[PDB]
């Protein structure tokens, strides 16, 4: 019974909503589901490593890799990809990145793993150039080669960038789709720039403890999260802000 229950820590939206949609499909396979939502991204891998949950559903592989680099006690594994959230830039004050003035302030999130993801959007917009000798996924602010608009950067918790946006604390603000939707923003209608879906390594995953990735429970969960019902749910409910991907 408890051996048939899957406890998962997930961010509120879309991840806990996708799990709630998957619940009756898991019962059809013989498994129950318990979902825990936590207050910030740093809590989810800790809960898993502490054995309070069986799995978490909140991050991408670069985030997971960074977390394990920082905490050698985390012996975690990717059980499989589910969905992609193309990253957004938001502004109350400018309509596009081409319109930002010299000295403009860019509010980055403080997510170490996503520093290259953010900067790559600015490089693709033609605002900065990054050192070509560094992989984009590994790029930081130290890797900026050219900055002809002399952009200045600030860092806010990913949980609070929706507030930096509403407060007009900078000229342009990065918000992860999960926290954008959690704040009642619609990323495809409200963002001023959206990340390309091409060549994108930031699919969100199910993570488990090492040695648990082929367990019956986790295979059952991966199965439901790749069903036609769950892919169609994702596609309809989030209006293209969230996209199902292969495992």
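Numbering follows the first chain given and starts at 1.
Here the stretch with the larger average CA B-factor, out of 150 to 158 and 95 to 103, is 95 to 103. Stretches compared: 135 to 143, 78 to 86. Higher mean C-alpha B-factor in the entry: 135 to 143. Remark: of 46, 209, 60, 189, 189 shows the highest value [criterion: C-alpha B-factor in the PDB entry]. Ranking 205, 33, 181, 222 by the C-alpha B-factor listed in the PDB entry places 33 at the top.
Sort the modelled residues of the chain by CA B factor and residue 120 lands in the middle third. Residue 231 sits in the middle third of its chain by CA B factor, as recorded in the PDB entry. Residue 215: CA B factor lies in the middle third for its chain, per the PDB record. Per the deposited record, the Cα B-factor of residue 40 falls in the lowest third when ranked against the other modelled residues of its chain. Ranked against the other modelled residues of its chain, the C-alpha B-factor of residue 73 as given in the entry falls in the highest third.
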